[PDB]
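Working through the structure, step by step
Listed below, chain by chain, are the residues.
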Amino acid sequence: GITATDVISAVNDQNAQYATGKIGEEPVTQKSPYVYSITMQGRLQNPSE
Amino acid sequence: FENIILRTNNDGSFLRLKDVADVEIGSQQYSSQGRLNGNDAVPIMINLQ
């Protein structure tokens, strides 16, 4: 009972873009000794995925 | 941008973006502080065409 449109929206949603930010790069509310960053790869590389 | 309404309550009241965020006008120094002879100074770089 899966229509072809469900295939399109499932691929459109599970193969997303990317996401990146930093933790404490903007003006300090506390004296942080160093700042790190976070990433997120919402992209499928292998066909097995 | 501060009086944007988020939730409409069953009692007529309105929850707004001011009660949930702060809308500062760009700039955001202390992401890139400037200096001049030790004192704080905002620099403009005149790039030759």
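Reading guide: rules and limits
Residues numbered from 1 in each chain as written, not as in the entry; some residues may be left out. Chains lettered and ligands numbered in written order. Part of a larger assembly, values for the part shown. Heavy atoms only, no water. Buried < 20%, exposed > 50% of the residue type's maximum accessible area, 1.4 Å probe, protein only. Helix = DSSP H or I, 4+ residues; strand = E, 2+ residues; numbered from the N terminus. Pairing = 2+ DSSP bridges. Salt bridge = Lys/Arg side-chain N within 4 Å of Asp/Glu carboxyl O.

Method of determination for the deposited model, per the PDB record: X-ray crystallography, at 3.55 Å resolution.

Some points on the pairing of strand 2 (residues 36-41) of chain A
All names here are of chain A. By the criterion of burial, strand 2 is predominantly exposed, with just 0 of the 6 residues buried. Both strand 1 (residues 18-23) and strand 2 contribute to a ladder of 6 bridges, which runs antiparallel. Residue pairing across strands places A19 opposite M40, the latter belonging to strand 2.

Some words on the pattern of salt bridges
All names here are of chain B. Under the definition given, this model contains 1 salt bridge over all chains. Notably, a salt bridge pairs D40 with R35, separated by 2.4 Å at the nearest N-O pair. Like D40, the residue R35 is exposed in the burial classification.

Thoughts on the pairing of strand 1 (residues 5-8) of chain B
Residue and element names in this part refer to chain B. Examined bridge by bridge, strand 1 and strand 2 (residues 14-16) share 2 bridges and lie antiparallel to one another. Within the sheet, the bridge partner assigned to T8 lies in strand 2 and is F14. Once strand 1 ends, the chain turns through 5 residues before running back antiparallel as strand 2, passing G12 with a positive phi of about 80 degrees.

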